[PDB]
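A closer look at the structure
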Amino acid sequence: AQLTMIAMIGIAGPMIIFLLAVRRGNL
Amino acid sequence: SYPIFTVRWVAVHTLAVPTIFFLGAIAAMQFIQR
Amino acid sequence: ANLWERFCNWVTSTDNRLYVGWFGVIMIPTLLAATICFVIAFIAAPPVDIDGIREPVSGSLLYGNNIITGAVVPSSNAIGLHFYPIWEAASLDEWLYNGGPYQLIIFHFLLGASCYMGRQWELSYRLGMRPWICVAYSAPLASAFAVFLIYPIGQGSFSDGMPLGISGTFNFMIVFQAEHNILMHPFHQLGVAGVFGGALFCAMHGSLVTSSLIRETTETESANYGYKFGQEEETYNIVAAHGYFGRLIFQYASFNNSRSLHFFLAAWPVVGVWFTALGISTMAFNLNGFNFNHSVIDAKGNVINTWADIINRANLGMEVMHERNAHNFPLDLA
Amino acid sequence: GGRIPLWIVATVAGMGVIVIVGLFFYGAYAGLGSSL
Amino acid sequence: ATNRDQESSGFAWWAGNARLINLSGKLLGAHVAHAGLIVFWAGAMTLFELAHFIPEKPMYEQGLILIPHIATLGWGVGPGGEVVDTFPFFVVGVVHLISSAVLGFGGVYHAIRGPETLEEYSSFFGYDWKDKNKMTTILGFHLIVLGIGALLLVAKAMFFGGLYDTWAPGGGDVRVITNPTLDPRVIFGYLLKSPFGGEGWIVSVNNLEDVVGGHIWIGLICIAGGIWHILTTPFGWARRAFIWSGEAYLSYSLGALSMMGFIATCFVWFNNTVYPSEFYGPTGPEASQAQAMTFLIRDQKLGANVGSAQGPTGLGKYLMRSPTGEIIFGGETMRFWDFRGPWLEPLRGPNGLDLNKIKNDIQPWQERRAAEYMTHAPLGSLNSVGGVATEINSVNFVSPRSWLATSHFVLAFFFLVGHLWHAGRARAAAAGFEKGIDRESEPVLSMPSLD
Amino acid sequence: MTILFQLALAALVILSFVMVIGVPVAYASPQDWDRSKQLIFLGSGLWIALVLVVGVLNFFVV
Amino acid sequence: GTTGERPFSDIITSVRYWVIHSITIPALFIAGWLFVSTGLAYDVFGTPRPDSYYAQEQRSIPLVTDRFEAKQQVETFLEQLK
Amino acid sequence: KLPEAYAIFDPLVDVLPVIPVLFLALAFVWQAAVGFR
Amino acid sequence: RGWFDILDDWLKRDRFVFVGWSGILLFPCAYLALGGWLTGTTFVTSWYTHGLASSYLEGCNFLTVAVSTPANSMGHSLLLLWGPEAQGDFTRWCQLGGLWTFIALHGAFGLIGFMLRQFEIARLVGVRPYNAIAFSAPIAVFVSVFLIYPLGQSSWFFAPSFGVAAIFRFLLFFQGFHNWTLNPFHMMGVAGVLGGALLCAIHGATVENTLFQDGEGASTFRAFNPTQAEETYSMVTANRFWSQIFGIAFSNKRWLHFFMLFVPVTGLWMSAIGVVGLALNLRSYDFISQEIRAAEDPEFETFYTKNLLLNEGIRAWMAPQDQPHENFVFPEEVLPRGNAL
Ligand code: CLA
Ligand code: CLA
Ligand code: CLA
Ligand code: CLA
Ligand code: CLA
Ligand SMILES: CC1=C(/C=C/C(C)=C/C=C/C(C)=C/C=C/C=C(C)/C=C/C=C(C)/C=C/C2=C(C)CCCC2(C)C)C(C)(C)CCC1
Ligand SMILES: CC1=C(/C=C/C(C)=C/C=C/C(C)=C/C=C/C=C(C)/C=C/C=C(C)/C=C/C2=C(C)CCCC2(C)C)C(C)(C)CCC1
Ligand SMILES: CC1=C(/C=C/C(C)=C/C=C/C(C)=C/C=C/C=C(C)/C=C/C=C(C)/C=C/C2=C(C)CCCC2(C)C)C(C)(C)CCC1
Ligand SMILES: CC1=C(/C=C/C(C)=C/C=C/C(C)=C/C=C/C=C(C)/C=C/C=C(C)/C=C/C2=C(C)CCCC2(C)C)C(C)(C)CCC1
Ligand SMILES: CCCCCCCCCCCCO[C@@H]1O[C@H](CO)[C@@H](O[C@H]2O[C@H](CO)[C@@H](O)[C@H](O)[C@H]2O)[C@H](O)[C@H]1O
Ligand SMILES: CCCCCCCCCCCCCCCCCC(=O)O
Ligand code: OEX
Ligand SMILES: [Cl-]
Ligand SMILES: [Cl-]
Ligand SMILES: [Fe+2]
């Protein structure tokens, strides 16, 4: 359970970066 | 146009391949019980 | 100009052979006091009851020491962290017996060395330089603070400060290992990395510059005369030095930028020494090195020794023997 | 060539190294060498 | 992407946050986001501690540092520091966490989407670092806020539950403070006390009346000073004394915070009033004194005449005299004779430890407490093996006092390094040579030679 | 109301995850600034409402 | 200047590199894992298992004490384990 | 221990404390995405 | 062209990792030393030579793993895999400590190869050989500590074992048995190492704080070009600063950088000489005058005598487990101990 929760918390950040990169965001 | 296999390739792999092998071994050791 | 204006101009003058500055106004008297007291005490002070058990330790040359064994002995454990100036004693005889010179010396020295750091900043400002040489100096200064003030504060007594002597320093080190396992503490390991690497990089940089000196002299003359103080052009070929070192390891492991190189030279040892100073200053509050004593056990439960257990045997020898008459109860809690 | 971005490669590789080191510390507290 | 590259800002990525010096909107966003980080850690860590909390076991056996802070304020605990209700702990955690979410939203907004500079949108919130009047106005606002915080502590102590008093008659209890110390002689004599042994400067404050009175004075002084700095502008001597720039203000604050970190280190190491031993464990001096007391008790029970027991060195084995004559525990713990604690003070008379009281009036609770503290002295390894370095594995214990003292000494020192770095750089940048020496006007070349 | 309270809290957690991902993406995506603004406002309001609903119901379960 | 080898960044950001290594790296890692979990490492290197440091009632270490008989001494210790 | 109602979230609470460190790492991930310009 | 010249061409090709003739010696030996260390620390025990666990497979951690020295009964045997001890049995070789001599020998020859690499590359690119000359200090340290010292002692057993904690044990053994800290050659080594660190830090900081402004950036690194002819920092300003702060200062850059070479190298060489002495138990252990005085006068005490008591404790408490071949049994009553501890 803890491993799954931390995996989600930890993919979230790079996920934001990846979405803004795919979307030509104001990075 | 680049060659694939070079002296640099040999050096890199002589270090890299055993490193992954050993890391697998140590990971497995983490689950040994006395 | 008025008298005060003239005095300020003299104090801050960049034309004095030795800069004084406002930090210097504190540094000069305090360092002179510390130096004079240290020299006199090292030569002539009588034995000091360091551990407060009426067992004076002889530190001075005239009382049977040589250069290697001599020391200014820390103040008595009976004093603890109490402030013990000369005027707090009934007589100089009492002051000496209880080890007042140590307090006078270390306090004046710590204050003066802090002012020395500030003076480095101040003169850089007067000369129009960048300001961070004092930041480099903060590493050894922090180490001095750790061994002379912080560790005594944490342990409750100036008697546990580092003695002002060579063999005394060794005693401090051995007892520290017995009580804190400093060798197994990551901050001291970082300190060793800092100083080994500092020496390594010192040798590397010196050797690379010396190997890339440009020919300006003959074989009968020292190559050092090929450089003239204040000359505009560089005296060695950094491009050649980089070609050599990059081929020694590989291209991207070698600096081609002199500014980056010198920043790295500054940063490695300075950070290492900061961390080792923090190691002493944190073991002052009894957060000790790693303890793996009996960590490896077999199926039945037998202890399988490791090199850490061997270290522990050595530490036990030190612990049981140190300050052999001072402990009355089973645990050494400070 | 540059099909897979280098920042993604670096992030993923760092995550892998972190996971390996963390597992090793978990081992410090479990199994052999745990003192228990 | 205004000013978000080295070419346009002059700063490399590893110094990127310097790019914000003159972008007040993004800088406000940065500060609000970081404050969100602080509040978020408070909440998450408190919840972690509560989830791992075993109420029966002492707090200091469980690696707790925040729950003790809450308990010291009188929340959740009863006589002797026993935990009667953990819901206050849970509430503290949850509220700080939700607030952290709000702060994060605000910081992200001001840093990413809001106006990059506040000067055009508003002159009340916009500022110029060289505008001394506006700078002192913001300083005064925050002074008023801080004074309110101090008075909030006073209110908790006086009107909402009180504080946990380890010195309360009966063995430590939550007590409402009704007679705070308003005597300026006392309050500021604390500041005038020597920091050396047996004096301890402000670290020696040993009663909640003095604590509450001091915080009353702090709150009032802060409110008055904040009003002062809102209504005034710096005088000429100050204008000529200081460097007036953002980096200079940052450096001043770094120096102040470093000082406060060192002071906090000493506070948590030595003081057992605002850090009750019931929650933080014994101090080092306390544990050493406790060992002395424990073995005095054992040997006396066996029949020893402890007052007359001569040790190997000639000093009393159990009791001796301090350099000013007070009767004190013997052995190495002679250095800790300034220690004071509720389990020990009943044995002390005008001349120090009293032989008749030691012989006749030591109570079982005192014996138990001495054993407990002796066996939970603040000594342990980095991997949390309790005891001296030579001890074997078995006890999983490092004292909260050790954790807190070490952490905050590290922080205080590195913040001193920060003060030096940013103060030196502020001076050099104000004078105009922080980027190096001008080749065509090298100052030293125009100076006379030293010799 | 045990499972009801657990469901409300789980919804709070999931909505927090969605907001934590979405708010920065929307803010740094200037193109998507018509629908995303309404989405963010509605999500903030619902998050506050859920926080209150939890807290109120905390005293009706345990 | 470069010596003509393909750039590392170019290699590690390429699809073919990862097509190859998404197979090779896991295979080697699993090979090491199995080397340990099947017990072959103990046999290869002569390392005692947790239950093979001592005989059941033994507490003395099996130290080698003769240079030219050391191999046979170790074999005798191993037999005494049985 | 947490109040009984909240026991199901215990694994999440167990991991919450490290998120600030995750933020520090996120700064480097972002700078990598922008090439440390 | 002849085959020798063709081979020289290929060996000296410009490639990512230079090979050279020295490479034929360096690369196999360095690889074997490093690989042997990793292999031993991962999988190999010290049970039959020391009575110790020393590998990850047994449960040690990075601080406690080691490739431990062979048993004392092996003497100074080379312990070749095909030698009369292991007799070609790889498992028995590992159990007998052949990995220690394997690592030590392949590492020594690797150091030879690396120094030859320094010479070869310097000659090819046309620089002076001072990096190779400075490398003599690490080689002297390695030879003195890992070969000469054990060769003077009873066997390889007392050489340092290749590990973190094992090296720490080596330090404490030298203190307890040799009083190594009292040795003026170690003292000169300490001066060399700490002074080298001091020079490194002070020179780096001085350069970085006497830079010329050669660009508009607040990050000053981009304002240097490797091909530029001008000095990047002001020697005149640095000299003035240190003259006024410390009294003396460098005025010749060539002397400055040679001194940076000289200090650490000389210090390490001095330490090596001291260790050669210790190989024969030729210690700076005592001061005879102090011992005579202390023997006759029970009130005379110095930090020297205190440290001797510490050494006696170390010896008595660590010998039985650190030297298992001696079969020491020290009854509890004979162990030196102070009061109450
Ligand atoms: C209130 C505190 C504070 C504030 C607001 C600032 C603000 C600033 N500083 Mg100062 N600084 C501070 C404290 C502070 N500093 C302290 C305490 C030190 C001493 C160490 C310094 C030393 C310092 C230097 C040397 C420099 C600055 C610079 C700067 C600027 C850019 C910073 C940046 O982009 O960092 C970017 C951040 C990073 C690159 C990350 C660094 C991460 C650190 C080193 C490690 C942290 C480890 C962590 C705590 C634990 C990790 C766990 C792990 C081991 C598992 C900015 C104006 C720069 C400047 O002059 O600009 C004008 C500059 O060169 N600062
Ligand atoms: C507490 C830490 C901290 C904070 C608050 C900031 C804040 C800031 N930095 Mg700094 N920085 C930091 C650490 C920090 N930094 C470190 C450690 C480094 C070294 C790697 C840097 C290096 C650096 C550089 C080099 C630059 C900045 C810049 C900036 C500013 C603009 C950022 C931007 O354009 O984002 C763009 C990024 C994105 C759009 C990606 C998404 C970012 C969002 C905020 C993630 C938030 C996630 C969060 C979970 C959302 C919760 C929402 C929920 C509450 C609803 C901003 C005020 C820039 C600046 O000053 O510009 C003028 C700039 O150029 N920073
Ligand atoms: C010290 C922190 C701080 C500061 C100085 C500012 C300042 C500003 N913000 Mg920002 N903001 C903050 C925090 C902060 N904000 C936070 C945390 C959030 C998230 C909720 C926001 C969300 C936000 C938005 C969405 C907008 C602003 C806007 C503005 C501007 C107009 C504000 C105004 O007119 O106030 C009006 C005053 C009030 C509404 C009353 C506030 C009083 C509060 C509610 C209670 C009392 C204060 C008390 C001390 C709070 C204690 C909290 C403590 C626990 C930390 C101004 C430049 C606006 C802007 O940039 O316009 C272009 C805008 O659109 N802010
Ligand atoms: C966050 C707190 C804070 C800060 C940063 C400032 C900052 C400032 N104040 Mg304000 N002030 C504050 C709180 C604060 N104040 C409060 C709470 C009050 C109400 C009592 C005042 C009342 C006040 C007045 C009445 C005046 C200022 C003035 C000033 C300016 C000059 C300060 C100065 O020279 O200090 C440096 C201090 C000195 C040069 C004198 C004392 C220096 C001694 C020798 C140092 C002693 C250190 C000590 C021995 C070492 C140990 C410390 C230990 C005792 C804690 C400056 C802008 C002056 C100004 O221009 O305002 C218009 C002014 O006249 N302040
Ligand atoms: C330059 C590379 C190099 C060098 C210098 C060494 C050096 C060494 N190795 Mg290492 N080794 C290497 C590469 C190298 N090795 C490689 C690549 C491997 C992996 C295959 C090994 C595997 C290895 C193992 C497994 C062991 C060593 C050992 C040794 C040591 C003993 C060697 C010995 O006695 O050889 C003697 C051999 C010669 C001197 C060669 C002489 C060649 C002449 C021309 C022969 C002339 C007569 C001959 C009969 C020719 C007949 C011709 C005709 C009749 C057909 C020594 C320190 C041993 C060790 O460390 O012990 C602790 C050990 O057990 N090595
Ligand atoms: C700007 C920037 C930055 C920064 C950022 C930040 C710092 C942010 C922050 C943020 C934040 C600070 C956030 C927060 C969040 C929060 C949240 C989201 C919360 C939530 C909560 C909840 C949901 C809860 C729940 C619960 C309860 C209520 C009870 C108990 C249980 C539980 C826990 C479940 C960086 C560095 C990246 C870089 C770039 C720029
Ligand atoms: C709460 C409390 C209390 C109280 C407290 C108080 C009351 C406090 C106060 C405090 C204070 C009241 C403080 C002050 C401080 C100050 C300072 C810290 C200052 C500093 C200064 C400076 C830094 C300066 C500088 C300079 C110089 C010197 C020269 C010229 C230049 C300049 C300006 C730069 C008590 C203890 C009772 C109890 C407990 C609680
Ligand atoms: C309270 C709460 C919450 C919140 C959360 C959050 C707020 C999160 C955040 C998150 C985050 C904030 C994340 C982050 C992450 C990060 C990471 C994962 C990083 C990593 C990094 C790395 C790995 C790096 C690497 C590298 C690079 C990039 C470049 C250079 C090189 C190197 C390798 C260093 C939730 C919703 C759960 C709900 C419940 C409650
Ligand atoms: C001895 C011998 C031999 C050889 C062998 C070899 C050659 C081996 C090698 C091996 C190897 C080659 C191995 C390797 C391994 C590796 C490892 C095991 C690694 C680890 C790593 C780590 C753990 C790291 C970590 C980290 C950190 C912590 C932070 C930063 C990042 C990093 C990632 C770095 C032969 C066959 C001749 C036979 C005879 C004997
Ligand atoms: C123990 C407490 C000590 C600190 C107390 C707080 C004092 C704060 C107010 C004192 C103000 C001092 O005021 C300050 O005096 C000095 C010295 O005359 C003036 O100094 C000025 O004149 C002198 C001549 O005497 C010149 O050398 C100097 O270059 C010039 O700046 C400053 O311009 C003024 O700002
Ligand atoms: C100078 C170059 C040295 C190279 C040496 C390579 C060593 C390779 C040895 C591998 C075979 C070992 C022989 C094993 C059988 C020997 C048994 C025996 O008869 O004693
Ligand atoms: O004085 Mn010097 O050393 Ca610190 O621990 Mn306790 O007190 Mn004593 O015993 Mn171990
Ligand atoms: Cl001693
Ligand atoms: Cl004692
Ligand atoms: Fe140089």
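Residues numbered from 1 in each chain as written, not as in the entry; some residues may be left out. Chains lettered and ligands numbered in written order. Part of a larger assembly, values for the part shown. Heavy atoms only, no water. Residues with missing side-chain atoms left out of burial classes, pairs and counts.

Per the deposited record, the coordinates in this entry were obtained by cryo-EM to a resolution of 1.71 Å.

UniProt records the feature "transmembrane region" at residues 8-22 of chain D, using the numbering of this structure. Here residues 8-22 of chain D runs as 100% helix and 0% strand, with 21 Å between its end C-alpha atoms. (UniProt positions renumbered as here; feature names shortened; annotations may be inferred. Helix = DSSP H or I, 4+ residues; strand = E, 2+ residues; numbered from the N terminus.)

Moving on to the interface of chain B and chain D. Counting from both sides, the interface comprises 8 residues of chain B and, opposite them, 9 residues of chain D. For the chain B face of the interface with chain D, the top three residues by lost area are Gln30(B), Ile32(B) and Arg34(B), together amounting to 58%. Along the contact surface separating chain B from chain D lie 0 salt bridges. Connecting chain B to chain D are 2 residue pairs in polar contact. The residue makeup of the side of chain B that touches chain D, split by class, is 5 nonpolar, 2 polar and 1 charged. (Contact = heavy atoms within 4.5 Å. Buried area = accessible area lost by both parts, 1.4 Å probe. Salt bridge = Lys/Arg side-chain N within 4 Å of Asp/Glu carboxyl O. Polar contact = N/O pair within 3.5 Å; in protein donor to acceptor, adjacent residues only side chain to side chain. Nonpolar A, V, L, I, M, F, W, Y, C, P; charged D, E, K, R; others polar.)

The iron ion (ligand 15) binds to the protein through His205(C) (NE2), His262(C) (NE2), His203(I) (NE2) and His257(I) (NE2), with metal-donor distances spanning 2.2 to 2.4 Å. Geometry at the iron ion (ligand 15) is irregular, judged from the 4 donor atoms that bind it and their angles of 87 to 173° at the metal. Remark: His257(I) occurs in helix α9 (residues 253-278) and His262(C) occurs in helix α9 (residues 258-283); the pair is interchain, linking two chains. For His262(C), a relative accessible area of 1% gives the class buried. On the basis of relative accessible area, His257(I) is assigned to the buried category, the value being 2%. (Donors = N, O, S within 2.8 Å, 3.2 Å for Na, K, Ca; no water. Tetrahedral: all angles 85-135°; square planar, octahedral: opposite > 155°, others 65-115°. Buried < 20%, exposed > 50% of the residue type's maximum accessible area, 1.4 Å probe, protein only.)

Take the site of ligand 11 next. Residue and element names in this part refer to chain I. For ligand 11, the full set of nearby residues is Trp82, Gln87 and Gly88. Contact distances for ligand 11 include 2.7 Å between an oxygen atom and a backbone N or O atom of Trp82. Calculation on ligand 11 without its partners gives an accessible area of 600 Å², and the protein chains cover 27% of this total. (Near = heavy atom within 4 Å. Areas by Shrake-Rupley, 256 points an atom, 1.4 Å probe, with all protein chains shown as cover.)

What follows is about the site of ligand 6. Near ligand 6 you find 15 residues, and of these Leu37(E), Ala101(E), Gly104(E), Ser16(F) and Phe23(H) are the closest. Compared with its free state, where it exposes 950 Å², ligand 6 has 81% of that area covered by protein. Sorting the residues of the shell around ligand 6 by element identifies α2 (24-51) and α4 (87-113) of chain E, α1 (2-28) of chain F together with α2 (19-33) of chain H as the ones contributing at least two each. When its residues are assigned to classes, the shell around ligand 6 shows 11 nonpolar, 4 polar and no charged.

Below, the discussion takes up the coordination of the magnesium atom of ligand 2. There is one protein donor for the magnesium atom of ligand 2, and it is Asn17(E) (OD1), at 2.2 Å. Inspection of the secondary structure puts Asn17(E) in the loop between α1 (6-9) and α2.

This brings us to the interface of chain I and chain C. Listed per partner, the contact involves 115 residues of chain I and 120 residues of chain C. At the junction of chain I and chain C, the tally comes to 5 salt bridges. Notably, a salt bridge pairs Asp14(I) with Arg247(C), separated by 3.1 Å at the nearest N-O pair. On inspection of chain I and its partner chain C, the count reaches 45 residue pairs in polar contact. Taken together, the elements giving at least two residues each to the side of chain I that touches chain C come down to α4 (98-125), α5 (130-152), α6 (164-178), α7 (184-209), α8 (235-246), α9, α10 (288-296) and α11 (303-322) of chain I.

Glancing now at the domain arrangement of chain E. Residues and elements named next belong to chain E. Here chain E is partitioned into domain 1 (4-281 + 378-451) and domain 2 (282-377). In this structure, domain 1 and domain 2 have C-alpha centres spaced 37 Å apart. Taken together, the contact between domain 1 and domain 2 spans 19 residues of the former and 15 residues of the latter. Summing both sides of the interface, domain 1 and domain 2 together bury roughly 1200 Å²; the carbon and sulfur share of this comes to 59%. On the surface where domain 1 and domain 2 come into contact, there are 0 salt bridges. On the surface where domain 1 and domain 2 come into contact, there are 7 residue pairs in polar contact. (Domains from an automatic or database assignment.)

The next subject is the environment of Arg293(I). In this structure, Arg293(I) sits in helix α10. Owing to a relative accessible area of 33%, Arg293(I) belongs among the partly exposed residues under this scheme. With sequence-adjacent residues up to four places away left out, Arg293(I) is seen in contact with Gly64(C) and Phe300(I).

Looking at the 21 pairs of chains with contacts, the pair that accumulates the most is chains C and I. The least C-alpha distance between chain D and chain F, which are not in contact, is 18 Å. Where chain B comes nearest to chain H, the C-alpha atoms are still 22 Å apart, and the two do not contact one another.

Turning next to a negative patch on the surface. Taken together, the side chains of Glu216(C), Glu232(C), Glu233(C) and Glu230(I) present a region of like negative charge at the surface. Inspection of the secondary structure assignment puts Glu233(C) in the loop between α7 (186-211) and α8 (238-248). (Patch = residues over 30% accessible without salt bridge, like charges linked within 9 Å, V, L, I, M, F, W, Y side chains within 5 Å. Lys, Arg positive; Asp, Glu negative; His and termini not counted. Charge placed at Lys NZ, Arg CZ, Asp CG, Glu CD.)

Turning to the packing of aromatic side chains, a few remarks are in order. Taken as a whole, this structure holds 95 aromatic pairs over all chains when the rule is applied. Measuring from ring centre to ring centre gives 5.7 Å for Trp4(C) and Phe7(C), while their planes differ by 35°; the resulting arrangement is tilted. In this pair, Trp4(C) and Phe7(C) both sit in helix α1 (residues 3-11), 3 residues apart, roughly one turn of the helix. Residue class for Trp4(C) comes out exposed when judged on its relative accessible area of 55%. Of the residues examined, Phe7(C) reaches a relative accessible area of 37% and is grouped as partly exposed. Ring geometry for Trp244(E) and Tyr249(E): centres 6.4 Å apart, planes at 75°, overall edge-to-face. Look at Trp244(E) and you get buried, because its relative accessible area is 15%. With a relative accessible area of 18%, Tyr249(E) lands in the buried category. Taken together, the ring pairs in this structure connect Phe21(B), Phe22(B), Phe35(G), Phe45(G), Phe43(I), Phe90(I), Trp93(I) and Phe102(I) into an aromatic cluster. Taking the ring centre of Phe8(G) as reference, the NZ or CZ of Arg8(B) above it sits at 4.0 Å. A cation sits over an aromatic face here: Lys156(E) above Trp75(E), 4.8 Å from the ring centre. (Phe/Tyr/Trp six-rings, centres within 6.5 Å; stacked < 30°, edge-to-face > 60°. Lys NZ or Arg CZ within 6 Å of the ring centre and 35° of its normal.)

The backbone phi angle of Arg24(A) is positive, close to 55°, even though this residue is not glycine. Tracing the sequence through the fold places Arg24(A) in the segment after α1 (2-22). On the accessibility criterion, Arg24(A) (68% relative accessible area) is exposed. One non-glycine residue, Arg54(C), adopts positive backbone phi at about 55°. Locating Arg54(C) in the fold gives a position in the loop between α2 (21-44) and β1 (71-72). The exposure class assigned to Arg54(C) is exposed, which follows from its relative accessible area of 55%.

Our next topic: a nonpolar patch on the surface. Residues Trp4(C), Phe7(C), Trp10(C), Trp22(C), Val25(C), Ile26(C) and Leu111(C) make up a contiguous nonpolar surface patch of about 700 Å² in total accessible area. For the nonpolar patch, the elements supplying multiple residues, two or more each, are α1 and α2 of chain C.

So, on to the pattern of salt bridges. Per the stated rule, a full pass over the model turns up 29 salt bridges over all chains. Of the charged contacts, one joins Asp214(I) and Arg439(E) as a salt bridge, the two residues approaching to 2.9 Å between their closest N and O atoms. Here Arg439(E) lies in the segment after α14 (400-431) and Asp214(I) lies in the loop between α7 and α8, a pairing that spans two chains. On the basis of relative accessibility, which here comes to 31%, the residue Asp214(I) falls in the partly exposed class. Between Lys71(G) and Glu75(G) there is a salt bridge, with the nearest N and O atoms lying 3.2 Å from each other.

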